[PDB]
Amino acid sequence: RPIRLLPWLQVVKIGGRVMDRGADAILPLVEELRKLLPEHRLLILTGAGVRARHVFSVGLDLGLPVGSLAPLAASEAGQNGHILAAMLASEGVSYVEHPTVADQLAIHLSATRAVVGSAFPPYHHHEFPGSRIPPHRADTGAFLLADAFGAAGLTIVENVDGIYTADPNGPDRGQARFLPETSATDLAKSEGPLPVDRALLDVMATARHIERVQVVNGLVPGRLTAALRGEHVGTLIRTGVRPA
């Protein structure tokens, strides 16, 4: 297998719907991240959220193709990153652009303890066709980076406890059962909504380093801290990469 570029790196993806809740959710998350800075070397990546749904509504009404909608949704993830980095600026944290993440993450994490970036990958008008909704979104971009770096782990911070058998906020909440652990292949052959991109399960099948990814509830203080120490507080997704 290829070498690990940054084996000491920890990657954390913050869901856009978490940022959408405003200060009631962002302020406790910021204080938890502040206490984590002396413990880990962190790359924090933000998702898009509800604003990408509105630009999808306008863009689809205008008939624009999927390669047009992909950078429009990525813009909302970058704005969430600027907001989060501004709240952590007094701790030495700043937002960094994609080419900086791709080529100069090592020097930027030597200068400070953590940086913030956009979780969307730069596919832009080269997005894959098939669906009118861009497939390679925030979860997929965060995992591609973490596995390419050979990072120590990737944690996904959502607004629910984890993955259920059905949408716990949808029409069939009554039959929604929590899944403490699952494999990417088991999820991929299932039909129904998920809290993660379906393209995430595809890039997990070709991964080289990351063996597991945990999805935790960011609205419960302490669960992100516990997940970064390997404690089981959410849904564990096994990628299929085998350990030594």
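All residue numbers are counted from 1 along the displayed sequence.
* Given the B-factors recorded for C-alpha atoms, which segment has the greater mean, 137 to 145 or 161 to 169? -> Stretch with the greater average CA B-factor: 161 to 169.
* Determine, for stretches 170 to 178 and 110 to 118, which one has the higher mean CA B-factor as deposited. => If you average the C-alpha B-factors of 170 to 178 and of 110 to 118, the larger mean comes out for 170 to 178.
* **Most elevated Cα B-factor in the entry, residues 90, 104, 155, 131** => Reading the PDB entry, the winner on C-alpha B-factor is 131.
* Have a look at 26, 203, 216, 66 and flag the one whose Cα has the highest B-factor in the entry. => That would be 203.
* C-alpha B factor of residue 220, ranked within the chain: lowest, middle or highest third? -> According to the entry, residue 220 has a C-alpha B-factor in the chain's middle third.
* Asked: Which third, lowest, middle or highest, does the CA B-factor of residue 39 fall in along this chain?
  -> Ranked within chain, residue 39 CA B lands in the lowest tercile.
* Compared with the other modelled residues in the chain, in which third is the CA B-factor of residue 5? -> For residue 5, whose C-alpha B-factor we compare with every modelled residue in the chain, the answer is the middle third.
* CA B-factor ranking of residue 30, expressed as a third of its chain -> Lowest third.
* Where the record places residue 189 (Cα B-factor, split into thirds across the chain) -> CA B-factor rank for residue 189: highest third.
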